[PDB]
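Quick heads-up: it's one chain on its own, the form deposited in one PDB entry, in structure tokens.
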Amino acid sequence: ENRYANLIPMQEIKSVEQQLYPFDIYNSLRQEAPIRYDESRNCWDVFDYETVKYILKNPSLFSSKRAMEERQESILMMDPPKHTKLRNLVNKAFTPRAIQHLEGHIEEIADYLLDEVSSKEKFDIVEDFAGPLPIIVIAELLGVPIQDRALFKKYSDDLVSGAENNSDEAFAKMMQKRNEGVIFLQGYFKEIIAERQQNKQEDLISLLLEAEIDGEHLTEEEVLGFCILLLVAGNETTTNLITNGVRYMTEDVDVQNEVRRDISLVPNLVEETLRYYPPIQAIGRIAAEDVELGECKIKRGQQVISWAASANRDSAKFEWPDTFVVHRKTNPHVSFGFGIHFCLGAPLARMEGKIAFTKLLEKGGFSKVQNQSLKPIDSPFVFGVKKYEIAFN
């Protein structure tokens, strides 16, 4: 069928171990052919850094309109000029300057979460820390109560899940799970939107209902698209940033110790986690016209999957591509994308990661619980684990 290839795993990724560390496979594929058509998924894969960046930089050539006849009327799936107008509503809300005032409060949220576990021998960094903290932050930004964090996590995670394979049964099981998260989350936000239409508040949702574009209010679908995209993007990725950073720091305790002993290295650590364990592995696009990249001729309308996970380790751009380095003078990864769709939340994600890692490090040395069976999140464009247990020494 005409299915989104970014939800369907490559055939080159087979075992669970490979899902937990697919980067050697991506590097082999990059070397064999940095651009290849995958007949199992009816798409091109692009693995090299230069071409990924070129795709993201050329929205006129590679369109973001890739909704799978799905309910995603958000800027993520829009092209200029509509993308420009809707994004200009929110861009000033997510700058470094706009968020600086949240620093103390995010530190307070992290302190409170680590207090719920101080007297716990071992704990799940996902359930007890990395999961809650991003959800709490984005809910306060949106103006939405989320006191049942586990409920919203479940359905937010649903909207990112992919297919086990390219079969018909796997795709149907995937759409069933995605549809459940749409029902609850669309419904919840429709109710909050109606509540804000009746009585405005000092929150993002209320601002979106007052804002005018081309002399008219936003459609309900458009406000809903903002609400869900901001919710899901705001928490699912950031949780994997924190978890993946804690994963690497308990796989390589040398790095953990170094950064704990020189806390000014936390920003580099955040960037290197994003490069080395990118929460988002692949970004989709649709060819807007025929495009000749190499010898490879991309025909208008074909799916084009750009692998940030591979671009981040392209040795043509990165020294020591497969080594975790906390002393890099620059780190031009594409884990937040590039160009007009560049991650709106990157300053917020970077602040949350910086505070999350700092609070963990300051609480002392910590180790992974050995003899656990890690479970990768079931989505091929995501990289993270469902659970990750650690303990303080």
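From 1 onward, residues are counted along the sequence shown. Rigid core: the largest C-alpha set superposing within 1.5 Å between the two forms.
Absent from the display: the form deposited in another entry. The rest refers to it.
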property	result
Single mover in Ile298, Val255, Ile106, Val160, with Cα shift of 2 Å or more between the shown form and the other one when the core is superposed	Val160
Threshold 2 Å Cα movement between the shown form and the other one at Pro145, rigid core reference	yes
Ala194 C-alpha shift between the shown form and the other one of 2 Å or more, rigid core reference	yes
Core-superposed C-alpha of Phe171 shifting 2 Å or more between the shown form and the other one	yes
In the other form, shift in Cα separation for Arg149 relative to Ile377, 3 Å or more	farther
Cα separation of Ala311 and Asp157 in the other form versus here, shift of 3 Å or more	farther
